[PDB]
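One structure below.
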Number of protein chains: 2
Amino acid sequence: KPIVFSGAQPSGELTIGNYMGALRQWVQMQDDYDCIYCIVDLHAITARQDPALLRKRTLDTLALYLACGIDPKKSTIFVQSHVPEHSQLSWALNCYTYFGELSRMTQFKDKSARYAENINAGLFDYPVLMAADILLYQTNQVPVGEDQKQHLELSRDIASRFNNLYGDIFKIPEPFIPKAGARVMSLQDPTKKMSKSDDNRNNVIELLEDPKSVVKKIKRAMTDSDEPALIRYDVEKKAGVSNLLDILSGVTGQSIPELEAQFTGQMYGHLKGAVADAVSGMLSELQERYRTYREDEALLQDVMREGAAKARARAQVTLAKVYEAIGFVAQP
Amino acid sequence: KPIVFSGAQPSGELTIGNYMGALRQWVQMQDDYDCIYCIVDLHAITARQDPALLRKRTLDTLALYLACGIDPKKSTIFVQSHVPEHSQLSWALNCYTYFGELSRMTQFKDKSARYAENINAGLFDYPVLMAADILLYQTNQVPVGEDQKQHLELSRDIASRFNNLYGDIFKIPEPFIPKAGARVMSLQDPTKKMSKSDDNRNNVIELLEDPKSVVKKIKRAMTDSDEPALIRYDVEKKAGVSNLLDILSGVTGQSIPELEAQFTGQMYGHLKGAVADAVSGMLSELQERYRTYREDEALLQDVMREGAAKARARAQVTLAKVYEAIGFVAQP
Ligand SMILES: [Ca+2]
């Protein structure tokens, strides 16, 4: 099966757009692909973190991924810092990465401007660690955010350069583009996607958000002033109403035409009530599952320990090959 | 006992100046200090290495240190790459090192942007790995040559920055103060210290050099034109004669004044022949011992295995405290 590597920032925060758009689809693909989910705590610390929050959020992310349906027997899920081979490969790959490839990175320049008080070497060097993360597992495909395209291209270039020097040691990874999930946009500006760091909290619904707040947000979602009220799909002219239909469709699996038939003669209030009920229901169930996992420390420890063992057993094969190629005396 | 950490490049090429200065003093102090010797193969690959030669030179280095008297039951001797904790701590310390600090450690202020863009990231980032190597062992003292002073100052600055944020996790390391004494000087320029990198090989005697070559280079050593020719120690006016007396004294243990009396009435040719006999004898013996270790593959493995296990046991205590302070979920 193709090997898919996804890195998750330790946050606990996932928008519904993220879930229904992507993660929820990936959860259904665990039999057809060899999926590896890595909670990237080593990357988080390129910005200063509160130590208690970092630990807490690591566990929050794990419990959330488990609640969403990532199955630790079918997939490999682990915390990055629990697998030494990441940091080991990252150092080695530094030596096959050009300083210029790192200095020209858009993200480095952008984050340098925003974190001007903490331009540390980790902020500069983290694309190398990202490359290590991916290349360690003989990864075929990586789901890439728009802002991560340049980082994926560096991974491919490093892998290619290393293979040209030493033989086929790494796989050249490709973008993971699975079939479209649900379309979900911001509730007060439906021309833009949801973003977890939006200053307008009424735009965004997160998976662990109090259902009562989620319902309020949906009930005040932007709709048009058409007279009479017409529940019909048209992104250009009726973006707000269209987005409510797309969100409901994403929850129930009903088609846009089916929903338009179902809502013939109805008010925008009725459409919003329907969306609020469907989303609240889905989120309340997910949150009960999250709580069951999140409160079970022994289960979380077992999953992390087992995940890290699974990951290390794959990673060590690749690192041994890298170290062999470079010329190091193998550990006895 | 204070903890002393020394990093050794995988070379096999040490001069008699290294041996009679640094290494031999360090051998005889394995009882007063808790000494750690790290063959720094991860640092070596910041410059391109022929793989077979790197592996060979790593073993050469180990066998040479054993031949010289480094005792793996009194001291901890190991290969850097065998201890994952070095790379793990290095990534973490990247995040507490300023890009500005590494930039000022390079030649960039003197050099073009093309030059800077074309170096590998390992060459830029190695001062952090060096900091990690030292700090991982609660090191009190580090033997630093003049060219490594900036590097030790950065280590101290990182350690203090980290401790200021998180508590007293690291010892602040200090320079190791070597025994006051004469340095072995170059044979054709006795006003200059004997150096590995000298392009005039007649200046240098290496520990593993053919004893015929050693004898030739000593018999041709530069001496003064005093008339009458007097075998007396005076570094200012008789640098070459003085250097020969220093080298002989280093081999036989005889004080300089004992040697001045011994050579009363003798010609410089006599002194040179005596120095050559004594050094040739010493290196011949050293080389016999070196071959004994170097051809014993099972012993080298045993030494590497035990050394890495001793190092890892210590490194893991410190890495665990660093991770705990940062806020990572502890290794499950
Ligand atoms: Ca004198």
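Numbers here mean position along the shown chain, with the first residue as 1.
For this deposited structure, the header notes the method as X-ray crystallography, 2.0 Å.
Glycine is no exception: its Cβ is also placed from the backbone N, Cα and C atoms.
Among the features that Swiss-Prot reports, ATP binding site is placed at A:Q9, A:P10, A:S11, A:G17, A:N18, A:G145, A:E146, A:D147, A:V184, A:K193, A:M194, A:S195, A:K196, A:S197, with the record citing sequence analysis. Cβ neighbour count for A:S11 (ATP binding site): 16 (other Cβ atoms within 10 Å of its Cβ, all protein chains included). DSSP assigns A:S11 (ATP binding site) to coil, not to a helix or a strand.
According to DSSP, A:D133 (L-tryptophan binding site) sits within a helical segment. Same-chain residues at least 6 positions away in sequence with a Cβ under 8 Å from that of A:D133 (L-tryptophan binding site) are, in sequence order, A:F5, A:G7, A:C38, A:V40, A:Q80, A:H86. The L-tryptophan binding site annotation in Swiss-Prot covers A:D133 and rests on sequence analysis.
As annotated by Swiss-Prot, motif ''HIGH' region' applies to A:10-18.
What Swiss-Prot lists as motif ''KMSKS' region' is A:193-197.
Helix, strand and coil content of the motif ''KMSKS' region' (A:193-197), in residues and according to DSSP, is 0 helix, 1 strand, 4 coil. It is A:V184 that, of the binding-site residues A:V184, A:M194, has its Cβ surrounded by the most other Cβ atoms within 10 Å.
Cβ environment of A:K196 (ATP binding site): A:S11, A:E13, A:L14, A:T15, A:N18, A:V204, A:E206 lie under 8 Å away, each six or more residues apart in the same chain.
A simple way to gauge crowding: the CB of A:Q9 (ATP binding site) has 15 other CB atoms within 10 angstroms, across all the protein chains here. Of the listed binding-site residues A:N18, A:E146, the Cβ environment within 10 Å is emptiest of other Cβ atoms at A:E146.
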